[PDB]
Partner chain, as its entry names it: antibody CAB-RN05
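Coming up is one lone chain in structure tokens, specifically the form solved without the partner chain.
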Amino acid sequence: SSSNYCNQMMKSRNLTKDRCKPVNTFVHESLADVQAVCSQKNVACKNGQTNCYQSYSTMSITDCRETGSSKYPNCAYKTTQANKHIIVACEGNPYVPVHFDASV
């Protein structure tokens, strides 16, 4: 809870205001294009359920990973930017992303 994108965004989005969340991914794409993944390549989820979908193309993502020296309240994060296929678990009507399963 200092500067760099992950520290700023984890705090602003309320992920680290009351704990330091170990890992979080931000997707730099329009939300409707991320919701569009739920009708793209169906794949098994790590847990063997099959409501997961892999994006046809890679997307711009920022991975935020807590450093080994982070302790609440001063959460600290390593920022890694990547372009990866995202795998999301989908539910409901509208069938929409509710969990990340991976990035590949």
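Positions refer to the first chain, counted from 1. Between two forms, the rigid core is defined as the largest C-alpha subset superposing within 1.5 Å. Shifts are known only where both forms have a C-alpha.
K.L.:
In the PDB record, does 91-99 or 20-28 carry the higher mean Cα temperature factor?
P.N.:
Here the higher of the two C-alpha B-factor means belongs to 91-99.
K.L.:
May I ask you to compare 38-46 and 58-66 by their mean CA B factor in the entry and name the higher one?
P.N.:
Mean C-alpha B-factor is greater for 38-46.
K.L.:
By the record's CA B-factor, is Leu15 among the lowest, middle or highest third of residues in the chain?
P.N.:
It falls in the top third of the chain.
K.L.:
Check where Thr79 lands among this chain's C-alpha B-factors and tell me if it's the lowest, middle or highest third.
P.N.:
Its C-alpha B-factor belongs to the lowest third of this chain's values.
Not on display, but discussed next: the form solved in complex with the partner chain.
K.L.:
Mind listing which residues of 69-104 have a heavy atom within 4.5 Å of the partner chain in the deposited complex?
P.N.:
Heavy-atom contacts within 4.5 Å come from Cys90, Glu91, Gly92, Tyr95.
K.L.:
Superposing the core, which one of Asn47, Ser57, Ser30, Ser39 shows a C-alpha shift reaching 2 Å or more between the shown form and the other one?
P.N.:
Per the superposition, the moving residue is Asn47.
K.L.:
Enumerate, in order of sequence, every stretch of at least three consecutive residues present in both forms where each C-alpha is displaced by 2 angstroms or more between the shown form and the other one, superposition done on the rigid core.
P.N.:
Shifted run of three or more residues, which all move 2 Å or more: only 46-49.
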